[PDB]
Amino acid sequence: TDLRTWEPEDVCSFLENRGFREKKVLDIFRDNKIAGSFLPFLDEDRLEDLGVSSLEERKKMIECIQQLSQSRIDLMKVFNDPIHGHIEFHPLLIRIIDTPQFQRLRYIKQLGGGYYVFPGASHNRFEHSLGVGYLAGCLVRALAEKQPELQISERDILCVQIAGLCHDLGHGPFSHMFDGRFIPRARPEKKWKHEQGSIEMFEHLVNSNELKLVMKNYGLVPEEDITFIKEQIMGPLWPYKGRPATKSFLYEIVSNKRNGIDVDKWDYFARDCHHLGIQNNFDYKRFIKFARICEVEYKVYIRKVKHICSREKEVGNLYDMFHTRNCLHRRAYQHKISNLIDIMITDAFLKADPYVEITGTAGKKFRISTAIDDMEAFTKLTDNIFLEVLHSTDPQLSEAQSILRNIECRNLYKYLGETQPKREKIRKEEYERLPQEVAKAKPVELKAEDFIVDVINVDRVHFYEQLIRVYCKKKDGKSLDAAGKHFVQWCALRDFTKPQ
Ligand SMILES: Nc1nc2c(ncn2[C@H]2C[C@H](O)[C@@H](COP(=O)(O)OP(=O)(O)OP(=O)(O)O)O2)c(=O)[nH]1
Ligand SMILES: [Mg+2]
């Protein structure tokens, strides 16, 4: 048979009939519910920690496990990715992957409104998350072997991979629109980051599916390692609790907001380049091979830390990466129409928010805007909500539908143009005023609602602006002229660049 089929007692019988007949050791296996599937992932040290103090018995135990048909490599699962080719995942990762909480990422478009501008961009967070997991695994492995002095363990590697998988667990419908346009607009009081949702949903994931025990049986320590995983996704003497300062570099792998060089970016750069039809000058495989940990000292008392570093002559590689970063940002991410569509979807959601019910834990009803407060509600919240509204028979959503029908018939707000501030910038508070200002600025009645102003912010490593787009909702010719010249005058008044 397979070990996969084996209950814990089956493993106990196997162990007995293979010579280990001492009830204490069998009790170990019954107690931790070590079903067969775990066996090929057991260590001498794991057997030590579980509590067999027979320095030779552990060896013979593992020998028995080695003799078996099915090995470690025989219980990996191989995904076929067009970005990364084939991809092996350790079974725990699969257990995490195969949950409602995670599978939900199949139904959230990576580029959100993007798909409605770039028909190639049909890809969702699911496959990108897989990719990030895999890449995380690659870099941590490479550093582990090249420098075994680092004491990087299997455990660490799995935690890094899991952090990888789950960095985007907490995105809402249409990805960045939800956490960047809708929630801030619907819950201005609340500060919310998709990462917050990510760690909350991971906590939910492991608990709804009782993977806490499973993690233990694969050699993780849930209490420590879950905090490690969470910390990697979220962020912050030594602030982190998940790992000692001696293992600091691990935190630079999955999310590195400092210098913007991490495996999340690598995957979605490559992937988005793949689907948009853009050629990506950056070979990450070259990066990982020439990646080494080495110590850095900055004097503030001098501080000494272990950062991830790359050979100095692989600086051209980074020039290639940052071009691609800019290339994507310029052409695709801050695309004037994509963002228009995100704005319209948000606008619809806002008008649908009051009436759409989404049940969470104990069946408490939540609104689209508040589902983020209950993971068991948020688990149900996906892009599909777009179509649910659009197709609803509830007549309270007529307002919301009509906006979505306009998206369908390509009847979008008309784009008056872009502008730049010559100096200074616009206070995050000052935003709500802007549609008023444009409306009120005279060169026809034009309400402040008839305008949207879209403010956009354009935005180290170690070796060994503001854009304003104005859209007008009213789509008739005369109002369009009036609005255009309103915008021009508003630009002139604030001493802004001559519109596009
Ligand atoms: N488990 C899983 N596999 C997926 C998913 N998406 C694509 N795949 C691919 C990867 C697998 O290599 C392929 C087959 O996996 P399955 O567990 O469904 O069946 P398989 O034929 O590998 O039998 P096995 O479980 O290895 O005995 O499906 C997913 O969300 N979950
Ligand atoms: Mg990502």
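Residues numbered from 1 in each chain as written, not as in the entry; some residues may be left out. Chains lettered and ligands numbered in written order. Heavy atoms only, no water. Residues with missing side-chain atoms left out of burial classes, pairs and counts.

For this entry, the PDB record names X-ray crystallography as the structure determination method and reports a resolution of 3.40 Å.

Caption draft 1: Representation of the packing of helix 16 (residues 336–352) against helix 19 (residues 398–408) in the model. Packing of helix 16 against helix 19 brings their axes to within 8 Å, and their N-to-C directions diverge by 160°. Of the possible angle classes, the one that applies to helix 16 and helix 19 is roughly antiparallel. As for how helix 16 packs across helix 19, the hand of that crossing is left-handed. Between helix 16 and helix 19, the contacting residues are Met 344, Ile 345, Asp 347, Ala 348, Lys 351 and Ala 352 on the first element and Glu 399, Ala 400, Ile 403, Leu 404, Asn 406 and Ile 407 on the second. (Axes fitted to C-alpha atoms, helices over the stretch in contact; angles between N-to-C directions. Helix = DSSP H or I, 4+ residues; strand = E, 2+ residues; numbered from the N terminus. Parallel < 35°, antiparallel > 145°, perpendicular 65-115°, else oblique. Left-handed = near helix turned anticlockwise from the far one by under 90°. Contact = heavy atoms within 4.5 Å.)

Caption draft 2: The arrangement of helix 2 (residues 23–31) in detail. Every buried residue of helix 2 is accounted for by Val 25, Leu 26, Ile 28 and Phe 29. Looking down the long axis of helix 2, one finds its buried residues gathered within 145° of arc, a one-sided arrangement. Facing away from the buried side of helix 2, by more than 90 degrees, are the exposed residues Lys 23 and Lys 24. Those residues of helix 2 that are buried are in contact with helix 1 (8–17), helix 3 (44–50) and helix 4 (57–67). Downstream of helix 2 by a residue or two, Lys 33 has a phi angle that is positive, lying close to 55°. (Buried < 20%, exposed > 50% of the residue type's maximum accessible area, 1.4 Å probe, protein only. Arc of directions from axis to C-beta.)

Caption draft 3: The site of ligand 1, seen in detail. Around ligand 1, the surrounding shell consists of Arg 4, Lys 77, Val 78, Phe 79, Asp 98, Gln 103, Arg 106 and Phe 126. Note that an oxygen atom of ligand 1 is positioned 3.3 Å from one of the side-chain N or O atoms of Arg 4. In this structure, an oxygen atom belonging to ligand 1 sits 3.2 Å away from a side-chain N or O atom of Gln 103. Relative to its free-state accessible area of 590 Å², ligand 1 is covered by the protein chains to the extent of 45%. Considering every element that reaches the shell around ligand 1, the biggest residue donor is strand 1 (residues 77–81), with three residues. Tallied by class, the residues present in the shell around ligand 1 amount to three nonpolar, one polar and four charged. (Near = heavy atom within 4 Å. Polar contact = N/O pair within 3.5 Å; in protein donor to acceptor, adjacent residues only side chain to side chain. Areas by Shrake-Rupley, 256 points an atom, 1.4 Å probe, with all protein chains shown as cover. Nonpolar A, V, L, I, M, F, W, Y, C, P; charged D, E, K, R; others polar.)

Caption draft 4: Structural detail: helix 8 (residues 154–165). Spanning 12 residues, helix 8 covers 16 Å between terminal C-alpha atoms, matching the ideal 16 Å at 1.5 Å per step. Across the 12 residues that make up helix 8, a large majority, 11, are buried. Those residues of helix 8 not exposed but buried are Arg 155, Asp 156, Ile 157, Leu 158, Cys 159, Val 160, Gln 161, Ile 162, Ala 163, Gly 164 and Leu 165. Check the buried side of helix 8 and you find it contacts strand 2 (85–89), helix 5 (91–97), helix 6 (100–103), helix 7 (125–146), helix 10 (194–208) and helix 12 (222–234). For helix 8, the capping residue at the N-terminal end is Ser 153, with a side-chain oxygen 3.3 Å from the backbone nitrogen of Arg 155. (Expected span 1.5 Å × (residues − 1).)

Caption draft 5: Structural view of the sheet that holds strand 7 (residues 414–419). Spatially, 7-10-8 is the arrangement adopted by the three strands of the open sheet, whose pairing is antiparallel. Each edge of the open sheet carries a strand with a single partner, namely strand 7 and strand 8 (451–457). Strand-to-strand twist of the sheet, defined as the mean angle between neighbouring strand axes without regard to direction, takes the value 20°. With five bridges connecting them, strand 7 and strand 10 (residues 466–472) associate as antiparallel partners. In the strand pairing of strand 10, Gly 417 is matched with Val 470. The strands touched by helix 21 (residues 477–493) are strand 7, strand 8 and strand 10; relative to strand 7, the strand with the most contacts, the crossing angle is about 10°. (Pairing = 2+ DSSP bridges.)

Caption draft 6: Just the UniProt feature "active site" in the protein chain, in detail. The sites that carry the UniProt feature "active site" are, in the present numbering, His 194. Relative to the assigned elements, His 194 resides in helix 10. With near-sequence residues (within four places) excluded, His 194 lies in contact with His 167, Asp 168, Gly 170, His 171, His 176 and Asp 179. (UniProt positions renumbered as here; feature names shortened; annotations may be inferred.)

Caption draft 7: Highlighting the coordination of the magnesium ion (ligand 2). Binding of the magnesium ion (ligand 2) to the protein goes through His 128 (NE2), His 167 (NE2), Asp 168 (OD), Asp 264 (OD) and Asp 264 (OD), at separations of 1.9 to 2.7 Å. For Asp 168, a relative accessible area of 2% gives the class buried. (Donors = N, O, S within 2.8 Å, 3.2 Å for Na, K, Ca; no water.)

Caption draft 8: Layout of the side chain of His 84. With respect to the secondary-structure elements, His 84 resides in the loop between strand 1 and strand 2. Here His 84 falls in the buried class, since its relative accessible area comes to 9%. In terms of polar contacts, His 84 uses its side chain to reach the side chain of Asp 267, at 2.7 Å. A distance of 2.7 Å separates polar atoms of two side chains, one belonging to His 84 and the other to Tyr 284. Not counting chain neighbours up to four residues away, the residues in contact with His 84 comprise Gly 131, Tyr 134, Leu 135, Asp 267, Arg 271 and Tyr 284.

Caption draft 9: Region of interest: the packing of helix 13 (residues 263–276) against helix 15 (residues 315–333). Two elements in contact, helix 13 and helix 15, have axes separated by 11 Å at closest approach and are oriented at 50°. Compared by their axis directions, helix 13 and helix 15 come out oblique. In this structure, helix 13 meets helix 15 at a crossing whose hand is left-handed. Every residue of helix 15 that contacts helix 13 at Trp 266, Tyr 268, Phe 269, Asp 272, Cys 273 and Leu 276 is listed here: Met 321, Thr 324, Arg 325, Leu 328, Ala 332 and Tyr 333. The residue makeup of the contact of helix 13 with helix 15, split by class, is nine nonpolar, one polar and two charged.

Caption draft 10: Structural context of the domain arrangement of the protein chain. The domain architecture assigned to the protein chain consists of domain 1 (8–67), domain 2 (77–333) and domain 3 (414–459 + 465–493). Spacing between the C-alpha centres of domain 1 and domain 2 amounts to 35 Å. In this complex, domain 1 contributes eight residues to the contact, which on the side of domain 2 involves seven residues. For the pair domain 1 and domain 2, the two sides together bury roughly 670 Å², of which 63% comes from carbon and sulfur. (Domains from an automatic or database assignment. Buried area = accessible area lost by both parts, 1.4 Å probe.)

Caption draft 11: Seen up close, the packing of aromatic side chains. Tallied over the entire structure, the rule returns 26 aromatic pairs. Of note, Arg 104 hangs over the ring of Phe 378, and the distance from its end group to the ring centre comes to 4.2 Å. Positioned over the ring face of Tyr 284 is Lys 285, at 5.7 Å from the centre of the ring. (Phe/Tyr/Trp six-rings, centres within 6.5 Å; stacked < 30°, edge-to-face > 60°. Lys NZ or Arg CZ within 6 Å of the ring centre and 35° of its normal.)

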